[PDB]
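**Q**
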Amino acid sequence: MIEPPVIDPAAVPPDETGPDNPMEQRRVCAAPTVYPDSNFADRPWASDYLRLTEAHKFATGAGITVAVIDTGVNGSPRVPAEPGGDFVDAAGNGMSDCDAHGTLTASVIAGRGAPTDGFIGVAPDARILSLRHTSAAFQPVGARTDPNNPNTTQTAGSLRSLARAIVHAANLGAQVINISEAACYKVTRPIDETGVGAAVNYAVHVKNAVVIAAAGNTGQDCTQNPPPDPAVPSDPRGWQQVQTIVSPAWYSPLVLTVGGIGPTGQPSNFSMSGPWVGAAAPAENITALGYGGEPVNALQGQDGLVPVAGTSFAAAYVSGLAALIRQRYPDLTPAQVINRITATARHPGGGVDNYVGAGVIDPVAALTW
Ligand SMILES: [Cl-]
Ligand SMILES: [Zn+2]
Ligand SMILES: [Zn+2]
Ligand SMILES: [Zn+2]
Ligand SMILES: [Zn+2]
Ligand SMILES: [Zn+2]
Ligand SMILES: [Zn+2]
Ligand SMILES: [Zn+2]
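Using the entry's author numbering, the first residue of the sequence shown is number 23, and each one after it goes up by one.
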């Protein structure tokens with residue numbers, strides 16, 4: 023059988039920063055941008071859909087610190103991130119975004135308002151700690167490795183550095199940890215990532231942190247999982263139909279794993295499905311803030327502009343909501359925070375499914391129902 027991961031609490035990795043193996047910047051850093059003639063005076067569709075304006079009558083994230091494990095953040099008054107460490111550049115501190123990504127994630131979670139545009143984060147009063155775990159601008163320094171061994175792949179190394187980043191994030195004192203990383207591998211080629219499970223457990227059970235994970239996006243090593251087989255009723259979530267493990271997504275319910283929807287409310291076609299997905303949130307045609315706290319809604323692609331999109335943004339909305347919840351109800355354990363998010367979500371046609379889990383989050387219901 024395909025088995026859910028079994029957590030070994032004794033396997034917590036050392037609290038140390040830096041990459042699993044040496045890394046070097048090979049490309050100049052990207053910056054986010056805008057579609058010609060965009061008007062940011064209006065509220066982004068995701069803000070209207072999630073009723074952020076209303077939700078803020080009830081909570082703003084004041085007193086809460088969210089750690090963001092992503093590509094780093096270029097800080098500004100509107101995205102006032104603090105150093106959380108670097109797991110890409112051995113000399114870094116998490117306050118350099120070379121990918122036009124982590125800055126935007128952080129802005130969705132906790133971006134401040136401005137009178138000149140309609141954008142605001144979910145938890146605009148929250149603190150933000152930035153941990154850089156990934157960058158497309160860096161490459162591993164040439165190394166002699168065994169190419170037939172899953173434990174010496176870049177994915178395996180990336181999961182080893184992730185496990186330490188989760189330990190470190192927890193040690194920083196964050197009460198919500200947003201994990202944008204969604205590492206993929208084939209179920210028949212298992213990586214030993216016992217440390218990731220132990221780190222997630224430590225964050226959630228030892229340091230009182232809510233952990234939110236991106237469902238992941240298809241492409242490359244992330245090939246879509248098949249749906250559950252209805253003829254096998256003892257496996258309603260279809261664990262036995264899985265081909266692609268997504269980590270740490272698959273540690274659910276230790277983590278709440280978040281899939282993507284678009285502006286019409288449908289599951290995003292790039293959103294990685296699986297038995298571990300618990301909820302969903304907006305993940306397409308996203309508006310966020312850039313390196314100066316300026317509104318952005320486009321990125322440089324291969325043949326020109328592409329939209330801001332991905333399950334990392336879905337996870338960012340949910341991390342924001344968790345922050346709102348923990349402010350308004352500080353007595354809630356991380357299990358109760360998560361359960362509140364899922365229990366008030368708008369459930370899909372089958373009640374729960376592998377694309378959206380319990381469904382699309384509903385901030386006002388979560389805060390008041
Ligand atoms: Cl990441
Ligand atoms: Zn088996
Ligand atoms: Zn067994
Ligand atoms: Zn150290
Ligand atoms: Zn990463
Ligand atoms: Zn540390
Ligand atoms: Zn992303
Ligand atoms: Zn628990």
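Think of the CB as a built atom: it goes at the ideal place given N, C-alpha and C, for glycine as much as any other residue.
Identify every run of the beta strand (DSSP E) within the segment 178–237, keeping only runs that are complete inside it and at least 3 residues long; order them along the chain.
**A** Taking only runs of at least 3 residues, the beta strand (DSSP E) segments lying wholly in the segment 178–237 are 198–201, 205–208 and 232–236.
**Q** Mapping DSSP to helix, strand and coil, what is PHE160?
**A** As a position in the sequence shown, residue 160 is number 138, starting the count at 1. In this structure, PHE160 counts as strand in the three-state DSSP scheme.
**Q** For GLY342, does the three-state DSSP call read helix, strand or coil?
**A** Within the sequence shown, residue 342 is the residue found at index 320, counting from 1. Of the three classes helix, strand and coil, the one that applies to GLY342 here is helix, per DSSP.
**Q** Are at least three pairs of beta-carbons, each pair with one atom in the segment 208–217 and one in the segment 337–348, less than 8 Å apart?
**A** Flag = no, the segment 208–217 and the segment 337–348 do not touch.
**Q** I need the straight-line Cα distance from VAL101 to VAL228, nearest angstrom please.
**A** Your numbering for residue 101 matches position 79 in the sequence shown. Your numbering for residue 228 matches position 206 in the sequence shown. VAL101 and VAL228: Cα-Cα distance of roughly 29 Å.
**Q** Report the CB separation of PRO317 from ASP59 in whole angstroms; it is logged as a contact under 8 Å.
**A** Residue mapping note: residue 317 aligns to position 295 of the sequence shown, counting from 1. Residue mapping note: residue 59 aligns to position 37 of the sequence shown, counting from 1. Between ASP59 and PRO317 the Cβ distance is about 13 Å, and since that is not below 8 Å, they are no contact.
**Q** Determine whether the beta carbon atoms of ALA345 and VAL88 lie at a separation below 7 Å.
**A** As a position in the sequence shown, residue 345 is number 323, starting the count at 1. As a position in the sequence shown, residue 88 is number 66, starting the count at 1. Cβ distance < 7 Å, so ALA345 and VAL88 count as in contact.
**Q** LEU389 lies in the alpha helix (DSSP H); which residues open and close that run?
**A** What you label residue 389 is simply residue 367 of the sequence shown in a count that begins at 1. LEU389 -> alpha helix (DSSP H) spans 385–390.
**Q** Applying the criterion that 16 or more other CB atoms from any shown protein chain within 10 Å of the CB defines a buried residue, is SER152 buried or exposed?
**A** Along the sequence shown, one-based indexing puts residue 152 at 130. It is buried - the Cβ of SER152 has at least 16 other Cβ atoms within 10 Å.
**Q** Given 6 Å as the limit, tell me if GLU306 has its C-beta closer than that to any heavy atom belonging to ligand 4.
**A** Counted from its first residue, the sequence shown places residue 306 at position 284. No; taking the cut-off as 6 Å, the Cβ of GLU306 has no heavy atom of ligand 4 nearer than that.
**Q** Rounded to the nearest angstrom, how far is the Cβ of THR309 from that of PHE141, given a contact under 8 Å?
**A** Within the sequence shown, numbered from 1, the residue matching residue 309 stands at position 287. Within the sequence shown, numbered from 1, the residue matching residue 141 stands at position 119. Confirmed, Cβ separation roughly 6 Å.
**Q** Quick check: does the Cβ of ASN319 come within less than 6 Å of any heavy atom belonging to ligand 6?
**A** Taking the sequence shown and counting its residues from 1, one reaches residue 319 at position 297. Checking the Cβ of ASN319 against ligand 6 gives no.
**Q** Quick one, are the C-beta atoms of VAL233 and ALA225 less than 7 Å apart?
**A** On the sequence shown, residue 233 is found 211 positions in, with the first residue counted as 1. On the sequence shown, residue 225 is found 203 positions in, with the first residue counted as 1. In this structure, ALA225 lies closer than 7 Å to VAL233 by Cβ.
**Q** Assuming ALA331 contacts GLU306 (C-beta within less than 8 Å), just tell me the rounded distance between them.
**A** Locating residue 331 in the sequence shown gives position 309, where the first residue counts as 1. Locating residue 306 in the sequence shown gives position 284, where the first residue counts as 1. Right, their Cβ atoms sit about 5 Å apart.
**Q** Would you call the segment 100–117 and the segment 36–44 in contact, with 3 or more CB pairs under 8 Å?
**A** With a cut-off of 8 Å, the segment 36–44 and the segment 100–117 count as touching, because enough Cβ pairs lie within range.
**Q** Would you kindly report the start and end of the unbroken alpha helix (DSSP H) that includes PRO58?
**A** Taking the sequence shown and counting its residues from 1, one reaches residue 58 at position 36. No alpha helix (DSSP H) holds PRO58; DSSP gives it neither H nor E.
**Q** Judging by CA-CA distance, which residue of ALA158, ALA205, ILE188 and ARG65 is the nearest neighbour of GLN197?
**A** Along the sequence shown, one-based indexing puts residue 197 at 175. Answer by Cα proximity: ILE188.
**Q** With DSSP run on the structure shown, which of helix, strand or coil describes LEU354?
**A** Walking along the sequence shown from the start, residue 354 turns up at place 332. The answer is coil: DSSP assigns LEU354 none of H, G, I, E or B.
**Q** Nearest to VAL382 by alpha carbon, out of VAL280, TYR351 and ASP325?
**A** Within the sequence shown, residue 382 is the residue found at index 360, counting from 1. Measuring from the Cα of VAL382, the nearest candidate turns out to be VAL280.
**Q** Does the beta carbon of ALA365 fall short of 6 Å from some heavy atom of ligand 8?
**A** For the purposes of this step, residue 365 is identified with residue 343 of the sequence shown, where counting begins at 1. Incorrect: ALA365 has no Cβ contact closer than 6 Å to ligand 8.
**Q** Count the other C-beta atoms from every protein chain shown that fall within 10 angstroms of the C-beta of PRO27, then say buried if there are 16 or more, exposed otherwise.
**A** Start at 1 with the first residue of the sequence shown, and residue 27 comes out as number 5. Result: buried.
**Q** Determine the DSSP secondary structure at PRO31, reduced to helix, strand or coil.
**A** Locating residue 31 in the sequence shown gives position 9, counting from the first residue. Of the three classes helix, strand and coil, the one that applies to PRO31 here is helix, per DSSP.
**Q** How about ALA103 and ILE150: do their beta carbons lie closer than 7 Å?
**A** The sequence position of residue 103 within the sequence shown is 81, counting from 1. The sequence position of residue 150 within the sequence shown is 128, counting from 1. Yes.
**Q** Assess, as a yes-or-no matter, whether the segment 200–209 is touched by the segment 172–182 under the definition of 3 or more beta carbon pairs within less than 8 Å.
**A** Flag = yes, the segment 172–182 and the segment 200–209 touch.
**Q** Cα separation between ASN319 and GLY379?
**A** Working through the sequence shown from its first residue, we reach residue 319 at position 297. Working through the sequence shown from its first residue, we reach residue 379 at position 357. Roughly 27 Å separates the two Cα atoms.
**Q** Do you know offhand how far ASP70's Cα is from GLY241's?
**A** Against the sequence shown, residue 70 aligns to sequence position 48. Against the sequence shown, residue 241 aligns to sequence position 219. Taking the straight line from one Cα to the other gives about 30 Å.
**Q** Using CA atoms only, rank isn't needed, just tell me which of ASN376, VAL254, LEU194 and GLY300 is closest to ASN291.
**A** Here residue 291 refers to the residue found at position 269 of the sequence shown. Considering only alpha carbons, the answer is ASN376.
**Q** Can you give me the start and stop residues for the beta strand (DSSP E) that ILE150 sits inside?
**A** Stepping through the sequence shown from its first residue, residue 150 is reached at position 128. That run of the beta strand (DSSP E) goes 149–154.
**Q** Around the Cβ of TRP391, are there at least 16 other Cβ atoms within 10 angstroms (buried) or fewer (exposed)?
**A** On the sequence shown, residue 391 is found 369 positions in, with the first residue counted as 1. Exposed, because fewer than 16 other Cβ atoms sit within 10 Å of the Cβ of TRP391.
**Q** Which one of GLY296, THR75, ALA185 and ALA231 has the shortest CA to CA distance from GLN262?
**A** On the sequence shown, residue 262 is found 240 positions in, with the first residue counted as 1. Measuring from the Cα of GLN262, the nearest candidate turns out to be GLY296.
**Q** Specify, as a first and last residue, the run of the alpha helix (DSSP H) that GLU76 falls within.
**A** For the purposes of this step, residue 76 is identified with residue 54 of the sequence shown, where counting begins at 1. 74–77 is the extent of the alpha helix (DSSP H) around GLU76.
**Q** Grouping DSSP H, G and I as helix and E and B as strand, with all else coil, what is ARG49?
**A** Position 27 of the sequence shown, counting from 1, holds the residue named residue 49. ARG49: coil per DSSP, three-state reduction.
**Q** Please confirm whether any heavy atom of ligand 5 lies closer than 6 Å to the CB of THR156.
**A** Numbered from 1 along the sequence shown, position 134 holds the residue referred to as residue 156. Flag set: Cβ of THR156 near ligand 5.
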